[PDB]
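A.B. asks: First portion of the complex, with coordinates as positioned in the assembly:
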Amino acid sequence: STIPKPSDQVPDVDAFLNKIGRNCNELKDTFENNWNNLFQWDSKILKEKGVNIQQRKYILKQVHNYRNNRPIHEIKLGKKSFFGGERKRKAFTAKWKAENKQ
């Protein structure tokens, strides 16, 4: 669509890549701190630039959020419980309660 305007929290692409997170700060060299490139490159261009599937989809989702004045704060992917996934929690917990508290 159109190119949104830089804000004070997100002055440049590098700040944009740091707020969204998910290790997207490792693509700062792909974009070259060019504001227009971040808001013009679609999936096909990003795929040609070596951005992997998960990251390019995530960036495009946050680019759409920014264009619509919606928060771009990092949301973390889910993680299994400390005691393991539900299917292996009973076994893990039994072996963790006999090696920590006896």
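C.D. replies: Everything's here; your move. Numbers count the residues shown, from 1 in each chain, chains lettered A, B, ... in the order given.

A.B. asks: can we go C-alpha only for contacts and neighbour counts from here?
C.D. replies: Will do.

A.B. asks: Quick check: the residue nearest the centre of chain A vs residue A:59, distance?
C.D. replies: Within chain A, the residue whose C-alpha comes closest to the C-alpha centroid is residue A:22; the distance, by C-alpha atoms, centre = their mean, is 3.3 Å. Here the distance between residue A:22 and residue A:59 works out to 10 Å (C-alpha to C-alpha, to the nearest Å).

A.B. asks: Kindly report the same for residue A:46.
C.D. replies: Taking C-alpha to C-alpha, one finds residue A:46 at 10 Å from residue A:59.

A.B. asks: So which of the two has more stuff around it?
C.D. replies: When neighbours are counted by other C-alpha atoms under 10 Å, residue A:46 and residue A:59 differ, and residue A:59 comes out ahead with 24 against 20.

A.B. asks: ok, the residue nearest to the centre of chain A touching residue A:72?
C.D. replies: No - look at residue A:22 against residue A:72 with C-alpha atoms under 8 Å: they stay out of range, at 12.0 Å.

A.B. asks: After the longest helix along chain A, which helix or strand is next? Please name it.
C.D. replies: Of all the elements of type helix in chain A, the one with the most residues (DSSP state H) is helix A:53-67. Read in the C-terminal direction, the helix or strand following helix A:53-67 is helix A:89-96, with elements assigned using DSSP states H and E.

A.B. asks: Show me what that following helix is packed up against.
C.D. replies: Applying 3 or more C-alpha pairs under 8 Å, 6 or more residues apart in numbering; DSSP states H and E, one finds that helix A:89-96 contacts no other helix or strand.

A.B. asks: ok, now which ones touch residue A:16?
C.D. replies: The neighbourhood of residue A:16, defined by C-alpha atoms under 8 Å, 6 or more residues apart in numbering, consists of residue A:10.

A.B. asks: if I look at it, how far off is residue A:49?
C.D. replies: The spacing between residue A:16 and residue A:49, counted by C-alpha to C-alpha, is 18 Å.

A.B. asks: cool, residue A:37 as well?
C.D. replies: From residue A:37 over to residue A:49 (counting by C-alpha to C-alpha), the distance is 12 Å.

A.B. asks: that older thread, what residues are up against the residue nearest to the centre of chain A?
C.D. replies: Under the contact definition (C-alpha under 8 Å, 6+ apart), the residues listed for residue A:22 are A:55, A:74, A:76.

A.B. asks: now those as TSV including distance to residue A:93 and neighbour count?
C.D. replies: Output for these, formatted as TSV (distance: C-alpha to C-alpha, whole Å; neighbours: other C-alpha atoms under 10 Å):
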residue	distance to residue A:93	neighbour count
A:55	34	15
A:74	31	13
A:76	25	9
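
A.B. asks: attach chain B to the model above:
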Amino acid sequence: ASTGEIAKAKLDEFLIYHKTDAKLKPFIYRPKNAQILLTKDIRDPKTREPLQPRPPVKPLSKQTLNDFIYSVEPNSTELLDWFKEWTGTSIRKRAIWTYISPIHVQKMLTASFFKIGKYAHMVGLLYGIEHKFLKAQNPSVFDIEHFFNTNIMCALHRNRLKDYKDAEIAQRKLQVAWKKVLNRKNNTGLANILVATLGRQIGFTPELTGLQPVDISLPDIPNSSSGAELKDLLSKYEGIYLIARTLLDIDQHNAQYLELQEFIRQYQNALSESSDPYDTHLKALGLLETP
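C.D. replies: Putting chain B onto the chains we already have gives this:
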């Protein structure tokens, strides 16, 4: 062994009892269930040995905390640590939140200033925890005869010992102190005298809402000389002896009031045989100032 050590053990046993779980209380404190406890083999928290029977706990004496207060070393955090643990209990434990009396807070504030030398951190634990007392249905502890007067008295000594003369800090602190009072029942009338003395000392005109004028009504201990009845009566009126002696010594304007001197005569002559409370306190303030 010492009076302080024994009092602390009694106070720590009382808290452990009321912090124990209700389901487990009958099996850990009723000696008839000692064998039922063993069989259950409940595991003491902290992964320690299974819980063992304890001697039944009975209501604690209010004098127990007065003994601990006056045992704390000259520069120690023991009183500040006990209070923080005692007032961290749930507000559902009525025995814990009703043991504290107006006398205890007066003795915690007078000991901290003249003996333990950590007044600032004792007036912050009391100011910080006042909200919990209200939720725990014990607001009376924050009154005018034990909390406000004792505070203004310690202020009339720190402002001198330290020479503080700012007329803005003093008024702000005086306003906060009055705002912290939840049981505003002026009886002795010494509060008005104490507030006026502060203003003269720090050169400001006090003005607090609700502190209506009260004539002096100092309790006169009778000439009769009993034993534990007059030792308790003196200890009961010990706080107002520290306030009468303070008022006269700080400012000579209070010498005008002759009611103050009658109580000094009565309280001093009541047990003049023993040492002086006022002087004993001031000596320690110097023994703490030197450090």
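
A.B. asks: So which bits of the longest helix of chain A are buried?
C.D. replies: Residues of helix A:53-67 classed as buried by neighbour count (16 or more other C-alpha atoms under 10 Å in any protein chain shown): A:56, A:59, A:60, A:62, A:63, A:66.

A.B. asks: mind listing what the last one touches?
C.D. replies: Taking C-alpha atoms under 8 Å, 6 or more residues apart in numbering or on different chains as the contact definition, residue A:66 lies against A:4, A:72.

A.B. asks: mind redoing it with 10 Å?
C.D. replies: A:4, A:5, A:6, A:10, A:16, A:39, A:60, A:72 (C-alpha atoms under 10 Å, 6 or more residues apart in numbering or on different chains).

A.B. asks: how many other residues sit next to the fourth one?
C.D. replies: Residue A:10 is flanked by 16 other residues according to other C-alpha atoms under 10 Å in any protein chain shown.

A.B. asks: Wait, it touches residue A:19, no?
C.D. replies: Yes - with contact defined as C-alpha atoms under 10 Å, residue A:10 counts as touching residue A:19 (8.1 Å).

A.B. asks: list residues touching both of these two?
C.D. replies: Taking C-alpha under 10 Å, 6+ apart as the contact rule, the neighbours common to residue A:10 and residue A:19 are residue A:72.

A.B. asks: of all the buried residues of helix A:53-67, which comes closest to residue B:240?
C.D. replies: residue A:66 (69.0 Å; C-alpha to C-alpha).

A.B. asks: hmm, back to that, keep only those of the contacts of residue A:66 that are in helices.
C.D. replies: Among the contacts of residue A:66, the subset assigned to helices under DSSP H consists of A:16, A:60.

A.B. asks: List just the nearest of the contacts of residue A:66 to residue B:60.
C.D. replies: Set against residue B:60, the nearest of the contacts of residue A:66 by C-alpha to C-alpha is residue A:72 (59.2 Å).

A.B. asks: Distance check, the closest one against residue A:14.
C.D. replies: Here the distance between residue A:72 and residue A:14 works out to 14 Å (C-alpha to C-alpha).

A.B. asks: Residue B:139 too?
C.D. replies: When residue B:139 is compared with residue A:14 (using C-alpha to C-alpha), they lie 57 Å apart.

A.B. asks: still on that earlier bit, could you grab the helix/strand/coil label for the residue nearest to the centre of chain A?
C.D. replies: When states are read from DSSP: H, G, I helix; E, B strand; the rest coil, the local structure at residue A:22 comes out as coil.

A.B. asks: Provide a list of residues in contact with residue B:41.
C.D. replies: When contacts are counted by C-alpha under 10 Å, 6+ apart, residue B:41 is found next to B:35, B:49, B:50, B:51, B:52.

A.B. asks: here's chain C, add it to the model above:
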Amino acid sequence: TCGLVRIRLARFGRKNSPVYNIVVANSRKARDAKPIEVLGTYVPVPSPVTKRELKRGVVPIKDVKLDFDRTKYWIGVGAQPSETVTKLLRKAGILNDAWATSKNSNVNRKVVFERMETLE
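C.D. replies: Adding chain C to the chains above:
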């Protein structure tokens, strides 16, 4: 979508050529299990328009067959449409803007053609 009775798409056709049944189904049954009722069909691939037609102004058409009366009954008894089915019903004029969401709310987008009910 919530509830026990949902209006959703069941997939038919072949690999790489999906077609869908619009069905009323129990939430817990398999997507392609025999539903309560088959309300219609959805062909997601638009009909291709020729070069001339494109310049002529023809827009590709996606074709939906639907029992309008029966669909309204199931909405009446509290059946809950899926997001994709919701979009279809709003375009058909059965559902209104009350079923729109914040992400798809076309509050400000120009209308080039207004919904037209005809006979054919």
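
A.B. asks: now that chain C has been added, could you go back to the contacts of residue A:22?
C.D. replies: Neighbour list for residue A:22: A:54, A:55, A:58, A:59, A:74, A:75, A:76, A:77 [criterion: C-alpha under 10 Å, 6+ apart].

A.B. asks: again, only using 6 Å
C.D. replies: By C-alpha atoms under 6 Å, 6 or more residues apart in numbering or on different chains, residue A:22 lies in contact with nothing.

A.B. asks: nearest spatial neighbour of residue 46, skipping sequence neighbours?
C.D. replies: All of this refers to chain A. Counting by C-alpha to C-alpha, 6 or more residues apart in numbering or on different chains, the nearest residue to residue A:46 once its immediate chain neighbours are dropped is residue A:56, at 6.5 Å.

A.B. asks: if you could check chain C rather than the one you did, that'd help
C.D. replies: Spatially, and ignoring its direct neighbours in sequence, residue C:46 is nearest to residue C:62 (4.6 Å; C-alpha to C-alpha, 6+ apart).

A.B. asks: what separates the residue with the largest distance to the centre of chain A from residue C:112, distance-wise?
C.D. replies: Relative to the C-alpha centroid of chain A, counting by C-alpha atoms, centre = their mean, residue A:102 is the outermost residue, at 40.7 Å. Residue A:102 sits 73 Å away from residue C:112 when distances are taken as C-alpha to C-alpha.

A.B. asks: okay, how far is it across stretch B:246-257, tip to tip?
C.D. replies: Counting by C-alpha to C-alpha, you get 13 Å between the two ends of stretch B:246-257.

A.B. asks: mind listing what's buried in it?
C.D. replies: Going through stretch B:246-257 with 16+ other C-alpha under 10 Å, the ones that come out buried are B:246, B:247, B:248, B:250, B:254.

A.B. asks: Equivalent analysis for stretch B:95-113, please.
C.D. replies: Judged by neighbour count using 16+ other C-alpha under 10 Å, the buried positions of stretch B:95-113 are B:96-97, B:100-113.

A.B. asks: Check the burial of residue B:178 by counting its neighbours.
C.D. replies: Using other C-alpha under 10 Å: residue B:178 sits among 21 other residues.

A.B. asks: would you list every one of the strands in chain C?
C.D. replies: Under the criterion DSSP state E, chain C contains strands at C:5-14, C:17-26, C:37-42, C:64-66, C:80-81.

A.B. asks: and residue 42, how many neighbours?
C.D. replies: I went with chain A, as the question did not name one. Counted with other C-alpha under 10 Å, the neighbours of residue A:42 add up to 14.

A.B. asks: if you could check chain C rather than the one you did, that'd help
C.D. replies: Neighbour number of residue C:42 under other C-alpha under 10 Å is 21.

A.B. asks: distance of it from residue C:73?
C.D. replies: Distance from residue C:42 to residue C:73, by C-alpha to C-alpha: 20 Å.

A.B. asks: Pull the residues that contact stretch B:204-214.
C.D. replies: B:167, B:189, B:199.
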